[PDB]
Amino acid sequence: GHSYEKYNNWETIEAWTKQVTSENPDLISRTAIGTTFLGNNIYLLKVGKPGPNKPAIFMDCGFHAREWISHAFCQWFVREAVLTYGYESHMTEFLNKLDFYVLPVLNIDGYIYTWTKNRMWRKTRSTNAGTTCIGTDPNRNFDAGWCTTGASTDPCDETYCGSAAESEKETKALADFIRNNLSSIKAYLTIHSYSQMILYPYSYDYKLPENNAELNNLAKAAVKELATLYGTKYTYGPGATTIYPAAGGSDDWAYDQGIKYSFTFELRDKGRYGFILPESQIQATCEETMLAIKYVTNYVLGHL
């Protein structure tokens, strides 16, 4: 069975996408935006009160297979949305005015592998020509200074950038969807772990985004909001100087598509458990993260 305070395998998450949609058709529509290398369905949930020409925020989880708290958060977010709509004034206004595109698990093949074989797998599970080595790092596979820094050209490496940008079916699927909906998507939020940070562009270069002052102020307020709940401390800043230079990430790519609010979230913790965050921290992690996401949403909406 599904549980929001446990990590769920893909079969269970998939069944959940169907069930939560069936139980809330007036707040959720489910589509598939492509298949993975191994033929799993890349679901996208459109969360919001349906209506014509609504702006949107796009959020994905599960880019990286071992970052299980990421997958957990997207599911947590969807429940909060459907349970509090109509009762909590902010979420009610959010869903009335915009849609959240929630992509609960991007790298499904890798996620399944962390359940079946290797908990610490990171990459996709696609084959590579001329080698037995498996997989591409999806967050090195976007057209953002592709493969120029912080990435490997070797398929046996954890940060393999791929044979070319969008060489992976999953990243191509995400990029295609975002490109087809640029008129509506106002923010891009991509959920990772761990490090307790909010990053904004750029990571592929030390250059700063034109609105970097605004992004810094926004990230600063979001981390302040997050801390109000349990005291959890986040830092923030441009990716390149705040964590490390790295090319081909989706946050940088989305920003260069014209999406002015683009953030990579790194959830708990700071390394004590690392990727293996206990299920006993799922609820607190998700609840505080919700405050940061809602703050950003409220800001983006108020500035349309």
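Start at 1 and count along the sequence shown; that's the residue number.
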Read off the CA B-factors in the entry, average them over 71-79 and over 213-221, and name the higher stretch.
213-221
Please compare 59-67 with 23-31 and say which has the higher mean C-alpha temperature factor in the record.
23-31
Between 268, 49, 272, 46, which one tops the list for Cα B-factor in this entry?
272
Can you tell me which of 121, 206, 115, 160 has the maximum CA B-factor listed in the PDB entry?
206
Among the modelled residues of its chain, does the C-alpha B-factor of residue 240 lie in the lowest, middle or highest third?
highest
Ranked against its chain, the third holding the CA B-factor of residue 85
middle
Where does residue 276 sit by CA temperature factor within its chain: lowest, middle or highest third?
middle
How does the C-alpha B factor of residue 172 compare with the rest of the chain: lowest, middle or highest third?
middle
Third of the chain's Cα B-factor distribution that residue 142 belongs to, per the entry:
middle
